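A quick write-up on the structure given underneath.
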Amino acid sequence: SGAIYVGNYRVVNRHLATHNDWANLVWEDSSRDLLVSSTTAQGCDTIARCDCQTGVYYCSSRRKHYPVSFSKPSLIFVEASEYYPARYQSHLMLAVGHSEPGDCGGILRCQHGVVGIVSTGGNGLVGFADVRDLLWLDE
Ligand SMILES: CSc1ccccc1NC(=O)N1CC[C@H](C(N)=O)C1
Ligand SMILES: [Zn+2]
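Under the UniProt record's numbering, read the sequence shown as residues 869 to 1007, first letter to last.
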C-alpha cells in the first residue's frame, strides 16, 4: 500500500483505490494502474520533472529503501493477477529488485522528487508506474 500526496491530490494504484477515492475521482487510467482523487488537506510531496533513470524505492516487504536503475516509461506486458487479466500496461518502468504484491504503492524517488510508485513485479523484478508526465498534479 501507499500514496503520493501533492497539492489537493492523492495518487494511488488504481487496483488499491477505495470506494471513497472513486467518489472523489479526478482522473484514472486502468492501462497505467493509476487513480488520482481530491483531498481536503494540502500535500507536500514534490513530483520530479526529469528523465532520471536511477533512484531509490521503498520495499515494504523488506522495510528497506533500495537504490535502483530503471528503464524509461514504456508499454510492458504484465501477467494476470487477482486485479487485472494479462495485458500491456503503459508508462511502466522496470528495475531488477525485490517486490511482492503488497509492495504496490511504495515511492520511487530521484534527486528531483517523486518519480512514481511500485505497480508490478515478481521473479526478481519491480515495476513503477511513472507520474512525471502528469504536469497538472502541480497546478
Ligand atoms: C509488486 S506487484 C507483484 C509482485 C510480485 C508478484 C506479482 C505482482 N503483481 C501484482 O500483484 N499485481 C497486482 C496488479 C498489478 C498491476 N499493475 O497489474 C500487478
Ligand atoms: Zn530526476
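Built from N, CA and C at the ideal position, the CB exists for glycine as well.
Worksheet item: Who are the Cβ neighbours of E896 in its own chain at under 6 Å, not counting the five residues just before and after it?
Response: One-based indexing of the sequence shown puts residue 896 at position 28. Taken in chain order, the residues that qualify are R882 and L903.
Item to complete: For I915, collect the residues of the same chain with a Cβ closer than 8 Å to its Cβ; drop the 5 residues on either side in sequence, then sort them by chain order.
Response: On the sequence shown, position 47 is the one that residue 915 refers to. Result list for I915: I872, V874, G981, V982, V999, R1000, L1002, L1005 and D1006, in chain order.
Discussion item. For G984 and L976, which I take to be in contact (beta-carbon distance under 8 Å), what is that distance rounded to the nearest angstrom?
Written reply: Reading the sequence shown from its first residue, position 116 is the one you call residue 984. Reading the sequence shown from its first residue, position 108 is the one you call residue 976. Indeed they touch by this definition, with Cβ atoms about 5 Å apart.
Worksheet entry | Runs of beta strand (DSSP E) wholly within the segment 921-991 (minimum 3 residues, chain order) | 922-927, 932-937, 942-946, 955-964, 975-978 and 981-990
Discussion item. Does the segment 935-950 come into contact with the segment 905-914, if we say contact requires no fewer than three beta-carbon pairs (one atom in each stretch) closer than 8 Å?
Written reply: no
Fill in: Helix, strand or coil at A885 according to DSSP, with G and I counted as helix
In the sequence shown, counting from the first residue as 1, residue 885 sits at position 17. Looking at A885 - three-state DSSP - the assignment turns out to be coil, as it is neither helix nor strand.
Worksheet entry | DSSP-derived helix/strand/coil call for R878 | Taking the first residue of the sequence shown as 1, we reach residue 878 at position 10. Strand, per DSSP.
Worksheet item: Looking only at its own chain, which residues have a Cβ that is under 8 Å from the Cβ of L993, when we skip the five neighbours before and after it?
Response: Within the sequence shown, residue 993 is the residue found at index 125, counting from 1. Contacts found: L962, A963, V964, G965 and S967.
Worksheet item: Does the Cβ of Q957 have 16 or more other Cβ atoms within 10 Å, making it buried, or fewer, making it exposed?
Response: For this step, residue 957 is matched to residue 89 along the sequence shown. When all chains shown are included, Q957 counts as buried.
Item to complete: Please look up how many angstroms separate the CB atoms of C978 and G923, rounded, as I've assumed it's under 8 Å.
Response: Walking along the sequence shown from the start, residue 978 turns up at place 110. Walking along the sequence shown from the start, residue 923 turns up at place 55. Going by Cβ atoms, the distance from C978 to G923 rounds to 4 Å, so yes, they are a contact pair.
Worksheet item: Which word fits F945, buried or exposed, when buried means at least 16 other C-beta atoms lie within 10 angstroms of its C-beta?
Response: Mapped onto the sequence shown, residue 945 falls at position 77. By the 10 Å Cβ count, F945 comes out exposed.
Practice prompt. Starting from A997, follow the beta strand (DSSP E) in both directions and report where the run begins and ends.
Written response: Along the sequence shown, one-based indexing puts residue 997 at 129. Note, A997: beta strand (DSSP E), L993 to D998.
Worksheet item: Do you know how far the Cα of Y951 is from the Cα of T988?
Response: Here residue 988 refers to the residue found at position 120 when the sequence shown is read from its first residue. Here residue 951 refers to the residue found at position 83 when the sequence shown is read from its first residue. Rounded to the nearest angstrom, the two C-alpha atoms are 11 Å apart.
Worksheet entry | Same chain, Cβ closer than 7 Å to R930, five either side skipped, listed in chain order | The residue given as residue 930 occupies position 62 in the sequence shown. Once the five neighbours on either side are set aside, the close Cβ partners of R930 are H966.
Fill in: Nearest residue (CA-CA) to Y925, options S937, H887 and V880
Taking the first residue of the sequence shown as 1, we reach residue 925 at position 57. Selected option, being the one with the closest Cα: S937.
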